[PDB]
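For reference, the structure discussed in these notes is given below.
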Amino acid sequence: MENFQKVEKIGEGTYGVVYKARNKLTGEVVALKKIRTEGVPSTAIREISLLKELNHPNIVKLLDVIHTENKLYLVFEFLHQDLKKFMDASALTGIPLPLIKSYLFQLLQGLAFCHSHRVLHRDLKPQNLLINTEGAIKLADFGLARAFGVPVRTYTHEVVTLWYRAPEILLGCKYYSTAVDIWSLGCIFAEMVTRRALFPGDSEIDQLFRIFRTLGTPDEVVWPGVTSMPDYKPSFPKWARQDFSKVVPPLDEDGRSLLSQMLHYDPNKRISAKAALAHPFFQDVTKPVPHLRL
Ligand SMILES: NCCCNc1cc(NCc2cccnc2)c(C(N)=O)cc1[N+](=O)[O-]
């Protein structure tokens with residue numbers, strides 16, 4: 001690199017390969033993401049550039065947008081671990097409730113900030129939630145979905161995870177709202193509590209039906225306009241809704257109440273990040289130190 005020295009490969013993001021790199025001049029350690037095809041839209045670079053101003057303690061800082069050699073690299077602040085790996089490492093005993101609550105609270109603050117600035121994530125998942133030794137958790141990749149349009153695939157035939165997709169997206173809605181992020185975060189909250197993905201679909205229809213089997217097949221009563229959605233089919237099976245007490249045991253009523261509001265079918269009824277922060281579930285929130293092995 002002209003100013004970077006690759007330390008190692010962090011992985012292969014939905015946009016391209018990601019490396020942990022050191023700025024040879026500043027000595028700064030960062031995450032360098034090479035963006036995937038043949039042209040590089042000028043509209044995309046302007047949009048991404050705007051995100052460099054989106055700074056919040058719970059949002060992974062976009063340090064630079066490098067457009068050279070007709071190639072696009074995104075330089076992000078570096079964090080040592082993602083929530084997916086932390087959840088796997090905490091599988092035996094589970095993440096303690098105080099830490100789950102702290103993380104959810106911080107993620108909601110991050111979403112509230114992004115949403116107030118009209119920036120949506122659209123693809124929240126445990127792998128894009130990064131944590132450090134101080135007890136902080138940050139959202140990574142906000143705004144990239146809109147700026148880079150349709151995701152499709154990473155760049156090396158890697159299957160996209162649908163587990164956190166809101167139902168309006170699965171039903172073919174063309175216009176995303178802030179509510180899609182609240183849905184994803186609700187799914188993540190449930191997974192941290194139970195230690196199992198809430199809706200682990202292996203196809204778009206399996207994803208939709210797993211949601212329906214748990215929350216009940218939506219109808220015009222709970223979701224006005226659902227039967228007119230692009231991919232809605234009158235032939236969808238009609239499943240009865242299950243009780244939250246069975247879905248995320250042994251979470252308490254404050255937690256179940258909040259989760260239920262984050263999982264409302266109607267995006268318009270789904271709780272906002274701002275309103276969620278005021279939920280009684282957070283009355284006793286604190287900021288614990290996680291047991292992180294690096
Ligand atoms: N398959 C998805 C993996 C998540 N990928 C990422 C992980 C990160 N840090 C956590 C980490 C660091 C080193 C080893 N394992 C995890 C960072 C970052 N900003 O630091 C960026 C990305 N990313 O660009 O996607």
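Residue numbers count from 1 along this sequence. No hydrogens, no waters, no symmetry mates; every other heavy atom, side chains included, goes into these values.
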> Shortest non-hydrogen contact from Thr286 to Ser102?
Replying inline: O-CB, 3.1 Å
> Would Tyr155 end up clustered with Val18 when hydrophobic side chains under 4.5 Å apart are linked, directly or stepwise?
Replying inline: no
>> I'd like to know if the side chain of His279 pairs up with that of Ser257 as donor and acceptor (distance under 3.5 Å, no hydrogens or angles considered).
In response: yes
> So do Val226 and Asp266 actually touch side chain to side chain, heavy atoms under 4.5 Å?
Replying inline: no
> Which heavy atom of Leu107 sits nearest a heavy atom of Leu185, and at what distance?
Replying inline: CD1-CD1, 3.6 Å
> What's the shortest heavy-atom distance between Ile48 and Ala147, and which atoms?
Replying inline: CD1-CB, 3.2 Å
> Does the side chain of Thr227 come under 3.5 Å of the side chain of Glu220 through a donor N or O and an acceptor N or O?
Replying inline: yes
> Shared ILVMFWY cluster between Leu51 and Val75, side chains joined below 4.5 angstrom?
Replying inline: no
> Under the side chain to side chain contact (heavy atoms under 4.5 Å, CB included) test, which residues partner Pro237, sequence neighbours left out?
Replying inline: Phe209, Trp239
> Are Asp64 and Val30 close enough, and set up right, to give a side chain to side chain contact (heavy atoms under 4.5 Å, CB included), and what steps lead you there?
Replying inline: CA-CA 10 Å; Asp64 259 303; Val30 304; over 6 Å; no
> Can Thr14 and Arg153 be said to form a side chain to side chain contact (heavy atoms under 4.5 Å, CB included), step by step?
Replying inline: CA-CA 6 Å; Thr14 66; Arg153 287 302 190 65; over 6 Å; no
>> Using side-chain heavy atoms (C-beta onward) and a distance below 4.5 Å, is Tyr265 in contact with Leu171?
In response: no
> Under a 4.0 Å N-O cut-off, is there an ion pair linking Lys125 with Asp123?
Replying inline: yes
>> Using the rule that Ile, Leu, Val, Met, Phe, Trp and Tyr join whenever any side-chain heavy atoms are under 4.5 Å apart, tell me whether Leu72 and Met1 fall into a single cluster.
In response: no
> Any salt bridge between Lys84 and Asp88, counting N to O under 4.0 Å?
Replying inline: yes
> If only atom types and distance count, is the side chain of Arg165 paired as donor or acceptor with the main-chain N or O of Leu170 below 3.5 Å?
Replying inline: no
> Would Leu99 end up clustered with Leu79 when hydrophobic side chains under 4.5 Å apart are linked, directly or stepwise?
Replying inline: yes
> Would you say the side-chain atoms of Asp206 pair up with the backbone N or O of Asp202, donor to acceptor, closer than 3.5 Å?
Replying inline: yes
> When rounded to the nearest 0.5 angstrom, what distance separates CD in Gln106 from CD1 in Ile131?
Replying inline: 10.5 Å
> Do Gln81 and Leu294 touch side chain to side chain, with heavy atoms closer than 4.5 Å?
Replying inline: yes
>> Between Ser42 and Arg46, do the side chains contain a donor N or O and an acceptor N or O under 3.5 Å apart?
In response: yes
> Do other residues, nucleotides or ligands put more than 12 heavy atoms under 6.0 Å from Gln261 CD?
Replying inline: yes
> Centre of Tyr19's six-membered ring, under 6.0 Å away, within 45 degrees of the axis: is that where NZ or CZ of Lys34 sits?
Replying inline: no
>> Are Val29 and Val7 packed together at the side-chain level, in the sense that at least one heavy-atom pair is separated by less than 4.5 angstrom?
In response: no
> Salt bridge check: are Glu168 and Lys174 linked by an N-O gap of less than 4.0 Å?
Replying inline: no
>> Between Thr156 and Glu12, do the side chains contain a donor N or O and an acceptor N or O under 3.5 Å apart?
In response: yes
>> If you count heavy atoms of other groups shown closer than 6.0 angstrom to CZ of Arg195, is the number above 12?
In response: yes
>> Regarding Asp219 and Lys238, does a basic nitrogen lie under 4.0 Å from an acidic carboxylate oxygen?
In response: no
>> Measuring from atom CZ of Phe78 to atom CG of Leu63, what distance do you get when rounded to the nearest 0.5 angstrom?
In response: 12.5 Å
> Is there a donor-acceptor pair under 3.5 Å between the side chain of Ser116 and the backbone N or O of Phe113?
Replying inline: yes
> What heavy-atom pair brings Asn132 and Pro290 nearest, and what distance separates the two atoms?
Replying inline: O-CG, 3.8 Å
>> Does any part of the side chain of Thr133, heavy atoms only, come nearer than 4.5 Å to the side chain of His80, both counted from C-beta?
In response: no
> CD of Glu8: more than 12 outside heavy atoms within 6.0 angstrom?
Replying inline: yes
>> What I'd like to find out is whether the side chain of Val289 reaches to under 4.5 Å of the side chain of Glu134, using heavy atoms alone.
In response: no
> Got a sec, which residues hit side chain to side chain contact (heavy atoms under 4.5 Å, CB included) with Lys274, two or more places apart in sequence or on another chain?
Replying inline: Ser272
>> Please identify which of these residues, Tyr164, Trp183, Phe281, meets the ring pair (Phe, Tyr, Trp, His ring centres under 6.0 Å) condition with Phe189.
In response: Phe281
>> Nearest 0.5 Å, please: how far is CD in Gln127 from CG in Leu83?
In response: 10.0 Å
> Is it true that a side-chain atom of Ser184 and a backbone atom of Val180 form a donor plus acceptor pair closer than 3.5 Å?
Replying inline: yes
>> Taking atom CZ as the centre, does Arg210 end up with more than 12 heavy-atom neighbours from other residues, nucleotides or ligands that are less than 6.0 angstrom away?
In response: yes
> Yes or no on side chain to side chain contact (heavy atoms under 4.5 Å, CB included) for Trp163 and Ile188, after CA distance, side-chain angles and deciding distance?
Replying inline: CA-CA 9 Å; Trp163 303 356; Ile188 295 169; over 6 Å; no
>> Nearest 0.5 angstrom please: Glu191 CD to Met87 CE, how far?
In response: 4.0 Å
>> Using a 6.0 Å distance limit plus a 45 degree cone around the ring axis, check whether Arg122 lies over the aromatic ring of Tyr176.
In response: yes
>> Taking atom NZ as the centre, does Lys24 end up with more than 12 heavy-atom neighbours from other residues, nucleotides or ligands that are less than 6.0 angstrom away?
In response: no
>> Any donor-acceptor pair under 3.5 Å linking the side-chain atoms of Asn58 with those of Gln109?
In response: no
> Distance from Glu38 atom CD to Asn70 atom CG, nearest 0.5 Å?
Replying inline: 11.5 Å
> Are any of the side-chain heavy atoms of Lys61 and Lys138 separated by less than 4.5 Å?
Replying inline: no
>> With side chain to side chain contact (heavy atoms under 4.5 Å, CB included) as the criterion, how do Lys33 and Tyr73 come out once you've worked through the C-alpha distance, each side chain's angles and the decisive distance to 0.1 Å?
In response: CA-CA 5 Å; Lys33 182 145 57 185; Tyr73 296 93; over 6 Å; no
>> Can you give me the closest heavy-atom contact between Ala276 and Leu258, atom names plus distance?
In response: CB-CD1, 3.9 Å
> So, does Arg22 use its side chain to make a donor-acceptor pair with the main chain of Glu28 at under 3.5 Å?
Replying inline: no
> For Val222, does its backbone N or O pair with a side-chain atom of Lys269 as donor and acceptor, under 3.5 Å?
Replying inline: yes
>> Measuring only between side-chain heavy atoms, which start at C-beta, is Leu129 closer than 4.5 Å to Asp82?
In response: no
> Do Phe236 and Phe212 have ring centres separated by under 6.0 Å?
Replying inline: yes
> Should the heavy atoms of other residues, nucleotides or ligands under 6.0 Å from NZ of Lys85 be counted, would the total exceed 12?
Replying inline: no
>> How long is the straight-line distance from CG of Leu251 back to CG of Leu259, given to the nearest 0.5 Å?
In response: 7.0 Å
>> Membership question, hydrophobic clusters at under 4.5 Å side-chain separation (ILVMFWY): are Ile100 and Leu292 in the same one?
In response: yes
> Of the non-hydrogen atoms in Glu77 and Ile59, which two are nearest, and what is the gap between them?
Replying inline: OE2-O, 3.6 Å
>> Testing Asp181, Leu111, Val60 one by one against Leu139 for a side-chain contact (heavy atoms from CB on, under 4.5 Å), which residue passes?
In response: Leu111
